[PDB]
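The structure appears below as structure tokens.
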Amino acid sequence: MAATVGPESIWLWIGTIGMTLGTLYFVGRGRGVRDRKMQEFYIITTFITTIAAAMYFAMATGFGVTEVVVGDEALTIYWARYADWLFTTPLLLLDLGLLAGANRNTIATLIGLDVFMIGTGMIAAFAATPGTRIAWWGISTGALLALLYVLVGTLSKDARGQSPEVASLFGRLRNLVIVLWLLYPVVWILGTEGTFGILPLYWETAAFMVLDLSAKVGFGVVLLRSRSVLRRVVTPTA
Amino acid sequence: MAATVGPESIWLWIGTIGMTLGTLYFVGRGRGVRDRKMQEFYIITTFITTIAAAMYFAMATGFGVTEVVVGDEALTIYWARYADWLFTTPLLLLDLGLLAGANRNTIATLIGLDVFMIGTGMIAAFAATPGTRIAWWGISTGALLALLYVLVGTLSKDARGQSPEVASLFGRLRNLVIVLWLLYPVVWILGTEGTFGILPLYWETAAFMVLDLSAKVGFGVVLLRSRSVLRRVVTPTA
Amino acid sequence: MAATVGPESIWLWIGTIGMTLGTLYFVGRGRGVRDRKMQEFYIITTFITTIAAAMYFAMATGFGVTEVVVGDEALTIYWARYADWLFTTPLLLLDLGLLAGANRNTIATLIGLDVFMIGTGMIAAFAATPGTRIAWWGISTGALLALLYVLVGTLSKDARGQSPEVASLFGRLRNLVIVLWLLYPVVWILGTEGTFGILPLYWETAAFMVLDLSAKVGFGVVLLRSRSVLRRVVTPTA
Ligand SMILES: CC(C)=CCC/C(C)=C/CC/C(C)=C/CC/C=C(\C)CC/C=C(\C)CCC=C(C)C
Ligand SMILES: CC(C)=CCC/C(C)=C/CC/C(C)=C/CC/C=C(\C)CC/C=C(\C)CCC=C(C)C
Ligand SMILES: CC(C)=CCC/C(C)=C/CC/C(C)=C/CC/C=C(\C)CC/C=C(\C)CCC=C(C)C
Ligand SMILES: CCCCCCCCCO[C@@H]1O[C@H](CO)[C@@H](O)[C@H](O)[C@H]1O
Ligand SMILES: CCCCCCCCCO[C@@H]1O[C@H](CO)[C@@H](O)[C@H](O)[C@H]1O
Ligand SMILES: CCCCCCCCCO[C@@H]1O[C@H](CO)[C@@H](O)[C@H](O)[C@H]1O
Ligand SMILES: CCCCCCCCCO[C@@H]1O[C@H](CO)[C@@H](O)[C@H](O)[C@H]1O
Ligand SMILES: CCCCCCCCCO[C@@H]1O[C@H](CO)[C@@H](O)[C@H](O)[C@H]1O
Ligand SMILES: CCCCCCCCCO[C@@H]1O[C@H](CO)[C@@H](O)[C@H](O)[C@H]1O
Ligand SMILES: *C/C=C(C)/C=C/C=C(C)/C=C/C1=C(C)CCCC1(C)C
Ligand SMILES: *C/C=C(C)/C=C/C=C(C)/C=C/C1=C(C)CCCC1(C)C
Ligand SMILES: *C/C=C(C)/C=C/C=C(C)/C=C/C1=C(C)CCCC1(C)C
């Protein structure tokens, strides 16, 4: 590590604040749910925001930062982003999976692709060459496309077998994931990590802040909005 | 790393020895169990002690040590403790979960809180500021309280629906966890990691040695004491 | 890190190429399988080769390398091997487990031993003393023997309760694992990591290349060879 933060810390704190607020919202919002199913959604969702909050606090306090050397240039890498995504992105897919009524093979595929995506993603963040970093960015992006392919394909088909409100709910959440998630690689390739520095680290941090907040608190908020629709994921009594 | 051990190694070896001995005890003690349930308890428990043993051996041989710089002072951090707890603590909760007859949402919550606890715990161990380290210690301690809240609440309620001997067994094990686990953060805050050095590293190592041994070998010994009571966790035939 | 590759890179590329080719083979080979079971085998298997491919590409580009100091000598460690095995070896056992018709306790034991094996294995790769490295090599090898003991024992017994073609298929795959897996520790102890340098890093890289390819692409190829036999792992309709 041994890297100082910078003016971007403003976004890091807003992010930390937002994630912490979403968590408390979901904790109180989840208060009183007895249905074992509705609860899953609250647990998964709540863990997504608190993890994100802790990592944002890590980058804010300067813990989740480091300096990576690449071609007579020292890039500033906020690695905590990966420790965050490594856990939160698969959970988000879990949410979608459970929402769509998908089976373990599909959900396992999604999780597997996702982890491969963040893993090759952090390799890219630390690679020692503009060529190597972009190669890895390329591997990781490929995986993103492979999992998005599962979302619009098999997963979408599963959701169509769900009650209409659930299917609708899925559609929204799926489309949110598609637009938001595709933006991450773009912000990365343009930002500091891509070695091209087209998008200043200050604005890159902000971009990731808006994305993370929308992909987690926003996502969670529309997911857990209605309790009755969410319990249509299952019909029988228990 | 690049840090030398010290006089505390005596405790590290005792610890290594104890954990290795508990393992062999459980391996031989588990010999002959056919009931698929009783076995779970033996597998989980046995993995707890061998993991602990390997990590204790790691700290003993000097592998699991490092030097962390914080405020013109170089703290000695035994990070292997975290690699240990990261795996053993969730397993211990698995044991309690299975013992109480808890459902996946409760057990998943416990595991999730626990991992968050050790994760923020090791961040704290490496933070670069007395203020940051204590902040993280604070986050981690909060999580400890959140999971303890689940133990005395929901988990205790589940156990009351179990056969009386199992409920009794739970009570003991739960109370053991509560008293022992609360002591870890105290030993940490007072020891070297807390930056206050109130409790010498030599005695801190001993304290953690007694705790780990009691929280694993002791715990295991009272858990796997009786085979008949343990099989009351399930009633039907198989 | 900060370590340069070397003439061994030739094997690393062949390896990268082979793993990538096996993956595409399995992806296309898995095209059209609807049976939820047959699919598991394809997903698990496919993830094994792509993980291996990415790690081989990591070592090829020099990312997965580092220099470890031990006794006035600086060893060259290809750590990516461990990040690879940490995920692929447990998956391979999953394949065998599912093939044998084993229960979760057996499969969990296998996975647990396996992870302990690679974990102590990478510790050994980084230990600071010929004596410590070999001690860990010793711990890890012990675990290898413990899991091999489960393969020829309980796992083999489970497979005998399977349809004959499945039992046969198991036998092959089990024997392949036994001969191939036992060779890893030998190649390690003789290679650079063992501190004895009996087997040059150049040939060590090749040896591991042949093993990895045989233990994954070979293994996969004989596993997924026949679709009908693989669906005999389950009989009823779904
Ligand atoms: C249906 C069923 C029973 C099973 C289905 C199959 C599953 C669940 C497969 C999962 C596969 C998975 C999660 C693969 C993950 C691969 C990720 C990596 C190899 C990551 C490597 C990261 C690094 C090497 C980071 C380096 C950092 C520094 C500072 C050097
Ligand atoms: C009921 C159901 C189907 C699912 C329920 C939900 C579950 C199981 C959620 C689990 C969540 C979980 C395990 C979160 C873990 C978070 C831990 C971290 C972010 C740890 C980070 C650690 C570091 C960053 C260490 C740094 C070390 C150095 C030397 C710099
Ligand atoms: C049947 C049922 C419900 C549960 C059964 C029990 C199970 C599944 C137990 C699993 C146990 C497990 C996976 C233990 C793993 C232990 C591995 C470690 C402690 C690894 C440590 C690695 C390091 C410390 C690497 C250091 C690297 C550097 C550069 C310093
Ligand atoms: C940087 C600040 C971040 C704050 C994050 C808190 C998110 C909670 C806001 O959710 C809103 O709660 C209302 C309850 O009255 C619902 O009616 C409405 O539909 C829902 O969208
Ligand atoms: C790392 C791998 C993690 C995989 C986690 C998968 C969660 C499995 C729970 O999903 C369930 O799967 C069944 C398959 O039969 C469906 O019928 C059911 O409707 C669906 O709710
Ligand atoms: C530093 C040394 C650590 C040694 C750890 C070994 C623990 C095994 C001792 O357990 C005891 O085994 C007896 C069997 O005769 C039981 O009757 C008794 O109830 C039980 O408590
Ligand atoms: C990282 C997440 C790990 C979660 C592991 C949870 C283990 C699930 C096994 O427990 C079982 O759950 C059922 C819920 O219906 C109960 O009815 C049953 O009595 C209980 O034995
Ligand atoms: C370095 C190059 C690595 C190439 C790896 C590709 C492996 C695919 C070869 O498998 C073979 O496919 C045939 C299909 O016609 C089967 O009939 C035959 O039984 C099977 O063994
Ligand atoms: C980290 C731990 C991972 C453990 C993964 C275990 C996968 C469990 C699926 O296996 C199933 O177990 C049943 C036990 O009752 C058998 O009856 C059934 O035939 C078998 O297919
Ligand atoms: C809460 C956080 C979320 C939903 C994060 C999502 C991140 C991604 C989809 C990231 C993708 C990336 C690539 C495809 C290429 C390389 C770099 C990454 C990691 C930015
Ligand atoms: C076998 C080991 C066990 C049961 C270890 C348990 C450890 C804890 C409950 C640790 C808790 C901590 C905090 C609450 C605050 C920060 C530091 C820790 C990790 C010591
Ligand atoms: C695809 C890769 C496979 C199947 C790799 C298997 C590796 C092993 C069985 C390794 C075993 C080792 C020991 C027993 C001792 C110490 C060092 C290792 C990691 C080489």
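Every read-out reported here was derived from the displayed coordinates using simple, explicitly stated rules and does not represent laboratory data. Here the Cβ is made from the backbone with ideal geometry for all residues, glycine too, and neighbour counts use every protein chain on show.
Of the GluC sites (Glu not before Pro) in region A:8-111, the ones in a loop by DSSP (not H, G, I, E or B) with at most 15 other beta carbons within 10 Å are A:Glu73. Summarised as an ellipsoid, region C:1-111 has semi-axes of 32, 19, 8 Å, derived from the eigenvalues of the Cα gyration tensor scaled by 5 and square-rooted, with the largest first.
Which one, B:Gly131, B:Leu211, B:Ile189, is farthest towards the positive end of the dipole of chain B when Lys and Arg carry +1 and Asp and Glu -1 on their Cβ? Of the listed residues, the answer is B:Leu211.
Restricting the calculation to Cα atoms, region A:63-197 shows an Rg/Rh of 1.05 when the hydrodynamic-style radius is the Kirkwood one.
Globularity index of the protein assembly as shown is 0.95 (Cα radius of gyration / 2.2 N^0.38 Å, N = number of residues). Placing +1 on the Cβ of every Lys and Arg and -1 on the Cβ of every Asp and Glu, with nothing else charged, gives region C:6-59 a dipole about its Cα centre of roughly 340 debye.
Note on chain B: with charges restricted to the Cβ of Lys and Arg (+1) and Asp and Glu (-1), its dipole about the Cα centre is near 1360 debye. Close amide H partners of C:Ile77, meaning residues 5 or more places away or on another chain with modelled amide H under 5 Å apart, are C:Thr66, C:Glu67, C:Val68. Using the alpha carbons alone, the radius of gyration of chain C stands to its Kirkwood radius in an Rg to Rh ratio of 1.00. Placing pseudo-labels 7 Å out from each Cα toward the beta carbon at A:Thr129 and A:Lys37 gives an inter-label distance of 5.3 nm. Sequence-ordered 3J(HN,Hα) estimates for region A:189-197 from the Karplus curve with 6.51, -1.76 and 1.60 and θ = phi - 60° stand at 4, 7, x, 4, 3, x, 6, 8, x Hz, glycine and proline given as x. Taking chain B as a Gaussian network of alpha-carbon nodes connected by springs under 10 Å, the highest mean-square fluctuation of the residues B:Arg81, B:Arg31, B:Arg172 belongs to B:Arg31.
Springs join every pair of Cα atoms under 10 Å in this Gaussian network model of chain B, and among B:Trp203, B:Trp85, B:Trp188 the largest mean-square fluctuation is at B:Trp203. Extents of region B:19-64, largest first, come to 41, 15, 8 Å (Cα atoms, principal axes, whole angstrom). Going by neighbour counts of Cβ atoms within 10 Å, the residues B:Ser140, A:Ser156 line up, fewest first, as A:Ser156, B:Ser140. Listing A:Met209, B:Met38 from fewest to most neighbouring C-beta atoms within 10 Å gives B:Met38, A:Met209. Our helix-only sum for chain C, with -39,500 (n - 2.57) per DSSP H run of n ≥ 4 divided by its residues, gives a mean residue ellipticity at 222 nm of -22500 deg cm²/dmol. A simple rule links phi to the HN-Hα coupling: the Karplus curve 6.51 cos²θ - 1.76 cosθ + 1.60 with θ = phi - 60°, which for region C:151-168 gives 5, 6, x, 3, 4, 5, 5, 4, 4, 5, x, 8, 5, x, 5, 5, 4, 4 Hz, with x for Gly and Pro. In chain C, Cα pairs under 8 Å separated by at least six residues give a relative contact order of 22 percent. From least to most packed, judged by other beta carbons within 10 angstrom and beginning with the fewest, B:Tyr56, A:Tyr42, C:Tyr25 follow the order C:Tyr25, A:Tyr42, B:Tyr56.
Specify which residue in the list C:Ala2, A:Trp11, A:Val115 is farthest towards the positive end of the charge dipole of the protein assembly as shown, using unit charges on the beta carbon of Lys, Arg (+1) and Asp, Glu (-1), about the Cα centre. Selected residue: A:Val115. The charge dipole of the protein assembly as shown, taken about the Cα centre with unit charges on the Cβ atoms of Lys, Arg (+1) and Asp, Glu (-1), comes to about 3960 debye, rounded to the nearest 20. Note that region B:38-46 has calculated 3J(HN,Hα) couplings of 4, 3, 3, 4, 5, 5, 3, 4, 4 Hz, one per residue in order, obtained from phi through the Karplus relation 6.51 cos²θ - 1.76 cosθ + 1.60 (θ = phi - 60°); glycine and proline are x. Set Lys and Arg Cβ to +1 and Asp and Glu Cβ to -1, take the dipole of region B:20-147 about its Cα centre, and tell me which of B:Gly22, B:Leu98, B:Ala80 lies farthest positive. Farthest along the dipole direction, towards plus: B:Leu98. Among the listed pairs A:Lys37/B:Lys157; B:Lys157/C:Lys157; A:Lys37/C:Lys216; C:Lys37/C:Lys216; B:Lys37/C:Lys157; A:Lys37/B:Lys37, those with a Cα-Cα distance over 29 Å are B:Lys157/C:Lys157; A:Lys37/C:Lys216.
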